[PDB]
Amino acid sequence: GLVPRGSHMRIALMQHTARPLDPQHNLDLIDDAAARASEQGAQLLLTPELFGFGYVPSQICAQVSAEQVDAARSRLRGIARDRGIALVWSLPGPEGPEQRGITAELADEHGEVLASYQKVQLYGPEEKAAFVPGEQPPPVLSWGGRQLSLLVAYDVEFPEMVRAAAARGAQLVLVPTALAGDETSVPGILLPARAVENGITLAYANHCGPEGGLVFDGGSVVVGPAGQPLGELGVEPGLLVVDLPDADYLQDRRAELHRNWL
């Protein structure tokens, strides 16, 4: 509807099926989503993990060059500009095939990249074979009047990763993902916990449908700091649009002890 009294940030999440190794098609889909999100008055669009090339880690590593990643990145910056909306995307990193990870980046409505992050927790043997894990903590930055951060997919399943973002001041954690296999406890159990245990909002944007030998769950969701869904999708493609409203675990935690016990 209309932007409410008492909300100063409206976000959008893209849920859709990508075609493996067809970035012209996948980027066209993000362009359409960015246009529809901007038309609904969203200021930011979050898109799923590796969407541009499809979630096909072994085939990315074998077939997708650094020049082809750079061209998709350049076009995504163009979409943020031409559609006038901040965009979070996830591509392979910019290094060579054997040296790059899986990334997430935030570009503003001018097409400038404000923040970049390399996925720390790679999932399973195919990712671990195709990508190098990140070594840096998630970034946190002011945008639209809140502290935003980025994490990718499996990352958010580790309470430590979200705690790292929140400990640096994050209020809204944006998470491109690619979750298949009817893993209902991730959105159902883990994500609400991450939100509650840190007093933060998390946005989780998944693929859906048949893609790269898997069938993705959909279930994209924005979870508020009480653990409740501010909005959620089912299994079908969709554009989720949400207005964010305007125990103190982060202070009580004995971090110095905890760091020695992990």
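Residue numbers run from 1 along the displayed sequence.
Of the other structures of this protein that model both sides of residue 246, a third or more give it no coordinates. The deposited sequence places 4 to 9 unmodelled residues between residue 246 and residue 247. Relative to its counterpart among 82-90 and 180-188, 180-188 has the higher mean temperature factor, C-alpha atoms as listed in the PDB entry. Per-stretch averaging of Cα B factors for 221-229 and 43-51 places 221-229 on top. The residue among 74, 103, 121, 147 whose C-alpha atom has the highest B-factor in the PDB entry is 74. Among the modelled residues of its chain, residue 156 has a C-alpha B-factor that falls in the lowest third, as given in the PDB entry. Sort the modelled residues of the chain by CA B factor and residue 113 lands in the highest third. In the deposited entry, the Cα temperature factor of residue 24 places it in the highest third of its chain's modelled residues. In the PDB entry, a CA B factor belonging to the middle third of its chain's modelled residues is recorded for residue 65. Residue 34 sits in the middle third of its chain by CA B factor, as recorded in the PDB entry.
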